[PDB]
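Q: generate coordinates for the sequence data below:
(2 chains)
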Amino acid sequence: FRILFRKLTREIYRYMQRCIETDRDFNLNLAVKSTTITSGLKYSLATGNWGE
DNA sequence: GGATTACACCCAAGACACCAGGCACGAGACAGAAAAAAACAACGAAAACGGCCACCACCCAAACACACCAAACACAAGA
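A: Numbering: from 1, shown residues only, chains lettered A, B, ... in the order given. Structure as follows:
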């Protein structure tokens, strides 16, 4: 979970780099790609390979 | 620095890339580089003042001699 959540926070940074340039208010519900942690946990528990 | 580490067989389970900066084209600005002109060096022409030979007179150089001093064989002294 630590690995996958640092992935997610890096995505949030990469997104706030672009969207903020537009100079708009953003609701953060399009800023988090929730599928990263879900897909990672599911991949590890379904394959056994413990990691990205 | 690499390279190799038993042989045969059975079963199950998941994936069979997604997403992000570079090539082309897509347009500005100082730098990669090109054109010019004005204060840089020299040379031609005129002006008059510094340079060369006279003229010149007083100050330093040579001769004469003075007395004075430094000096050198040797008759005498001496160990």
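Q: what's the neighbour count on the closest residue to DNA strand B within chain A?
A: Ranked by Cβ to the nearest atom of the strand, the top residue of chain A for proximity to DNA strand B is residue A:46, at 4.0 Å. C-beta coordinates here come from the backbone N, C-alpha and C atoms, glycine included. Residues within reach of residue A:46, counting by other Cβ atoms under 10 Å, total 8.
Q: up against DNA strand B, what does chain A have?
A: A:14, A:33, A:42, A:43, A:46, A:47 (Cβ under 7 Å from any atom of the strand).
Q: next, format those residues as CSV and append distance to residue A:26 and secondary structure.
A: Shown next, in CSV, are the residues of chain A next to DNA strand B (distance: Cβ to Cβ, whole Å; DSSP: H, G, I helix; E, B strand; the rest coil):
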residue, distance to residue A:26, secondary structure
A:14, 14, helix
A:33, 14, coil
A:42, 28, helix
A:43, 29, helix
A:46, 33, helix
A:47, 35, helix
